[PDB]
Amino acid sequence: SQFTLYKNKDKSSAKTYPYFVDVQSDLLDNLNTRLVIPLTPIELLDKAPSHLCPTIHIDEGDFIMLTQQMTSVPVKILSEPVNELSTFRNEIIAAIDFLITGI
């Protein structure tokens, strides 16, 4: 379920961050937490560094992945899976690479 897209059920952040993607390896699914990265509507943001904030074009809309807001969350809040972003797996992981290596 790495790269699975989830609807944000946290009311206090759902408007700005309607979705988040699980970026954690399936090999470690025994953990009770998940590393995720939130998505924000592109029309709600007025041009972030492309290498750090990949653009996501999906059925749900057009979003910017805020890699700099990546965080560990309880597996409990992954309650509503709606899509998957495996087609963007390399762009997503590359953004994390960039966050950590500057390359």
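All residue numbers refer to positions in the sequence shown, first residue = 1.
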{"item": "Residue gap status of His51, at least a third of other entries", "value": "yes"}
{"item": "Extent of unmodelled deposited sequence, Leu27 relative to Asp26", "value": "none"}
{"item": "Segment of higher mean CA temperature factor, 90-98 or 12-20", "value": "12-20"}
{"item": "Which of 33-41 and 47-55 has higher mean CA B factor, as the PDB entry lists it", "value": "47-55"}
{"item": "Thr4 CA temperature factor, ranked by third within the chain", "value": "lowest"}
